[PDB]
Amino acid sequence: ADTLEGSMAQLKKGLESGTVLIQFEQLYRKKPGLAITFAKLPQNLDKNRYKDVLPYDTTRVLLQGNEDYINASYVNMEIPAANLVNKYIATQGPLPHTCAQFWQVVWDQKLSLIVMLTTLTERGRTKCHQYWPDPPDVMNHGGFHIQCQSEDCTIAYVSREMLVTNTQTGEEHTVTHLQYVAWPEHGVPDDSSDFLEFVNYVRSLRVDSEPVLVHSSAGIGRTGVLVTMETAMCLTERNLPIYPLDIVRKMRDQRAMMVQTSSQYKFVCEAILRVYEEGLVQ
């Protein structure tokens, strides 16, 4: 409610005071009352990369005709005044034994865009399994063969085109894979301008009505920042009010803990203000 102008006055003023950060610290991380059962079953415990980052039952991604569990959540951000919904699947970095289910989600829904917001390793520890092959190798995951047909590094991210072939049926599917490598776990992007350019590039690569698969290591911190920013960009361009706290709450009603740290929330709120101001015309 209110207007874009008033919401940005409210955000700038509350950044200054700073009531914006206090209200973020007050927000629940996990919505009370939402069941989390499947994620804790004995056969599924080691399918979670982190013990405390689990999908709600209501928004858990199911594999079509397949009972295998995956730690993945549907996250949809509605902009109702624009009759717009931005769909995501937010998931963790696959483990060695969950690559099969990851690629099954991609196949089931013919997802043509994967956004990976992590390096494979940090400080000697593995943060994500390499679920694609180094070109020109071909990888087998759960009855999909994967090959990387193109790989180009920019400054901040790597752009890969991947071919997914179904071993059972012979069909093929192509996926664009963006790996943002300049953004450490529980941190902010190394460069804010690279981040914003990357978010707007992701927006431009959206296919109509198709979820973007977004993941990091846990799939909540850096993913939450990106989702918040894309939502805010859509709201700014449509002259609609932006309440970052409402956005984070809406995400957290669908996948717990989205936007991990106060620094990450402060970063995205400042970025939102920046975008609004440098786009503002008298």
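A residue's number is simply how far along the shown sequence it sits, counting from 1.
Trainee: Pick between 129-137 and 113-121: the one whose mean CA B-factor in the entry is higher.
Mentor: For C-alpha atoms only, the mean B-factor is higher in 129-137.
Trainee: Between 57-65 and 224-232, which has the higher average C-alpha B-factor in the PDB entry?
Mentor: That would be 57-65.
Trainee: Which of these has the highest Cα B-factor in the record: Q26, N44, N239, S217?
Mentor: Within the set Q26, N44, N239, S217, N239 shows the top C-alpha B-factor.
Trainee: Pick out which of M77, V202, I155, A90 has the highest C-alpha B-factor in the PDB entry.
Mentor: That would be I155, according to the entry.
Trainee: By the recorded C-alpha temperature factor, relative to the other modelled residues in its chain, which third is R160 in?
Mentor: Ranked within chain, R160 CA B lands in the middle tercile.
Trainee: Divide the modelled residues of the chain into thirds by Cα B-factor and specify which third, lowest, middle or highest, holds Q260.
Mentor: Lowest third - that is where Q260 ends up once the chain's C-alpha B-factors are sorted.
Trainee: Among the modelled residues of this chain, does the Cα B factor of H186 put it in the lowest, middle or highest third?
Mentor: CA B-factor rank for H186: middle third.
Trainee: Can you tell me whether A82 has a C-alpha B-factor in the lowest, middle or highest third compared with the other modelled residues of the same chain?
Mentor: It falls in the top third of the chain.
Trainee: By the record's CA B-factor, is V212 among the lowest, middle or highest third of residues in the chain?
Mentor: For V212, whose C-alpha B-factor we compare with every modelled residue in the chain, the answer is the lowest third.
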